[PDB]
Amino acid sequence: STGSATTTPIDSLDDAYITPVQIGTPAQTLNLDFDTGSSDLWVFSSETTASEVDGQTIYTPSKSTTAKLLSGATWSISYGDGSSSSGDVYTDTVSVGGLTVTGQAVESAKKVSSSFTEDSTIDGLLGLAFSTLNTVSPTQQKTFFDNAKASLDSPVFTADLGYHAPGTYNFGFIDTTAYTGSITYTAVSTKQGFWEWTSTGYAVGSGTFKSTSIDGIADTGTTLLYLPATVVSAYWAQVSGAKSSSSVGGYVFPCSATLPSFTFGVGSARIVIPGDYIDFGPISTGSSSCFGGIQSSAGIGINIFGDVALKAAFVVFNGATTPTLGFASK
Ligand SMILES: CC(C)(C)S(=O)(=O)N[C@@H](Cc1ccccc1)C(=O)N[C@@H](Cc1c[nH]c[nH+]1)C(=O)N[C@@H](CC1CCCCC1)C(O)(O)C(F)(F)C(=O)NCCN1CCOCC1
């Protein structure tokens, strides 16, 4: 089997991408953020504290004939940006783009943090990291991909995110029309539960490529590209007037600037991020100071190849016995 679904930016800046997901019988369609940085499939629900719901579409398990409460199971997660959610667990039928999993763990939120309430466009998350990170207690649950994998034509999914435009998530096949050149594959470490790999280096604009190992994760649920302070300083030094702002909490630049591209290495191959992908707009409405899309990872502890980087590539998440990651230009 296979599946294919379109993913859409939630706003004009590509802060995040949402993908429609069918849950239950009859189907309830929710727009979820596909997140290769976590391993929980959770949704706004009829059980969510009503004052914490403000415009989201909710899952009502009582209206699904295939939903079953998973007795005694609960979940609770905290994300890198400080947001969080928690609740109880159902098993139900879940379909993505024509690919169906029966008996998927659907984590129903009883509580969400203010940042979730305040964002009406994201109805929940679909985690695509390794199932060792799943937070359900006392019996850890498998991800959508792990459940689907043996049925798939090939044990893979691909991410093809758009710049200021929709893109595609595919399951079980590689669309050879969706990229240029060849796919370069690179090793993955699963020891931390992530799609962790090592980039071979970087270049700024038309500059010389610097060969250096940069360990990081491929993370569709993070907006920005977080890299070592040395690399980040080298980038923003090429932008007149850019600076690290204490009050904003990262690099800002004049909205009148033209930004250089950023290149990262995948083995002997190279992925080029155009400069406009690195512009996230005014820091506050009406400001002439704009937020940068490349930021330091120093306060985070790991480098993160978030959407700014991934949307420049066609990315293969190969879930074979020994996982690998593939990157192609497009
Ligand atoms: C505005 C922004 C300054 C650019 S922001 O950073 O707030 N944007 C958010 C994404 C966003 C956009 C729009 C609306 C809502 C949220 C962002 O990029 N958040 C990252 C920031 C980050 C990364 N690393 C450190 N900080 C994040 O937490 N991403 C997680 C998923 C997000 C959470 C908020 C809602 C959207 C999905 C994440 O899963 O990718 C993760 F990998 F960082 C993460 O937290 N992984 C959790 C892993 N735990 C390990 C222990 O076992 C349980 C699993």
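For this deposited structure, the header cites X-ray crystallography as the method used and 1.37 Å as the resolution.

J.: Looking at this structure, how should I read the UniProt feature "active site" in the protein chain?
T.: The UniProt record annotates "active site" at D35 and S199. As for the annotated residues, the ones lining the largest pocket are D35. One can find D35 in strand β3 (residues 28–35). What makes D35 buried here is its relative accessible area of 6%. The contact partners of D35, leaving out residues within four places of it in the chain, are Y79, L125, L126, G127, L128, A129, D219, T220 and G221. Excluding residues within four positions of it along the chain, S199 makes contact with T212, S213, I214, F264, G265 and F305. Polar contacts involving the side chain of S199 include one to the main-chain carbonyl oxygen of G201, which spans 3.4 Å.

J.: Would you mind going over empty space enclosed by the protein with me for this structure?
T.: Where empty space is left in the structure can be found by rolling a water-sized probe over the atoms. The full count for this structure, using the stated rule, is one cavity of 30 Å³ or more. In this structure, the largest cavity encloses a volume near 30 Å³. Around the largest cavity sit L128, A129, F130, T143, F145, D146, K149 and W195, which together line it. For the lining of the largest cavity, a count of residues per class yields five nonpolar, one polar and two charged.

J.: How do you make sense of the nonpolar core when you look at a structure like this?
T.: General note: in soluble globular proteins, nonpolar side chains tend to be found buried as a group. Ranked by size, the top nonpolar core spans 67 residues in total, and within it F171, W236, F262, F264, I273 and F327 carry the most contacts. Broken down by element, this core gets its largest block of residues, four residues, from helix α3 (residues 229–236). Other than its neighbours up to four places away in sequence, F171 contacts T2, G3, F34, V96, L99, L128, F144, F145, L152, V156 and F157. Judged by nonpolar contacts, the second largest core, of 16 residues, contains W75, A109, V112 and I122.

J.: Can you walk me through the UniProt feature "disulfide bond" in the protein chain in this structure?
T.: In this structure the UniProt-annotated cystine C255-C290 is intact, with an S-S distance of 2.0 Å. Of this pair, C255 sits in the loop between β16 (250–254) and β17 (262–266) while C290 sits in strand β20 (residues 289–292); the two residues are 35 residues apart in sequence, bridging distant segments of the chain.

J.: Is there a simple way to think about the pairing of strand β2 (residues 17–23) in this case?
T.: In summary, the side chains of a regular strand alternate between the two faces of the sheet. Among the seven residues of β2, five are classified as buried, and the element is accordingly described as predominantly covered. Note: strand β1 (residues 3–9) against β2, two bridges, orientation antiparallel. Counted as the bridge partner of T8 is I18 from β2. Of the strand pairs in this sheet, β2 and β3 are connected by five bridges, and their pairing is antiparallel. In the strand pairing of β3, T19 is matched with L32. Hairpin connection, β2 to β3: the antiparallel pair is bridged by four residues, and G24 has positive phi, about 85 degrees.

J.: Please clarify how the pattern of salt bridges should be interpreted in this entry.
T.: A side chain of one charge can pair with a side chain of the opposite charge if their charged atoms are brought near each other. Summed over the entire model, instances satisfying the criterion amount to three salt bridges. Here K311 makes a salt bridge to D14, at a shortest N to O gap of 2.8 Å. With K311 in the loop between α4 (307–310) and β23 (314–318) and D14 in the loop between β1 and β2, the pair connects residues that are 297 residues apart, well separated along the chain. One exposure class covers both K311 and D14, and it is buried. In this structure, the salt-bridge partner of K330 is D160, at a minimum N-O distance of 2.8 Å. Taken as a pair, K330 in the segment after β24 (324–328) and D160 in strand β9 (residues 156–160) lie far apart in primary sequence, 170 residues in all. On the basis of relative accessible area, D160 is assigned to the buried category, the value being 17%.

What counts as what
- Residues numbered from 1 in each chain as written, not as in the entry; some residues may be left out.
- Heavy atoms only, no water.
- UniProt positions renumbered as here; feature names shortened; annotations may be inferred.
- 1 Å grid on protein atoms, 1.4 Å probe; cavity = no way out; pocket = protein on both sides within 12 Å on 5 of 7 lines; lining within 4 Å.
- Helix = DSSP H or I, 4+ residues; strand = E, 2+ residues; numbered from the N terminus.
- Buried < 20%, exposed > 50% of the residue type's maximum accessible area, 1.4 Å probe, protein only.
- Contact = heavy atoms within 4.5 Å.
- Polar contact = N/O pair within 3.5 Å; in protein donor to acceptor, adjacent residues only side chain to side chain.
- Points joined across faces, edges and corners; volume = space filled by probe spheres on them.
- Nonpolar A, V, L, I, M, F, W, Y, C, P; charged D, E, K, R; others polar.
- Core = buried A, V, L, I, M, F, W, Y, C linked by side-chain atoms within 4.5 Å.
- Disulfide = S-S within 2.5 Å.
- Pairing = 2+ DSSP bridges.
- Salt bridge = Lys/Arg side-chain N within 4 Å of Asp/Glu carboxyl O.

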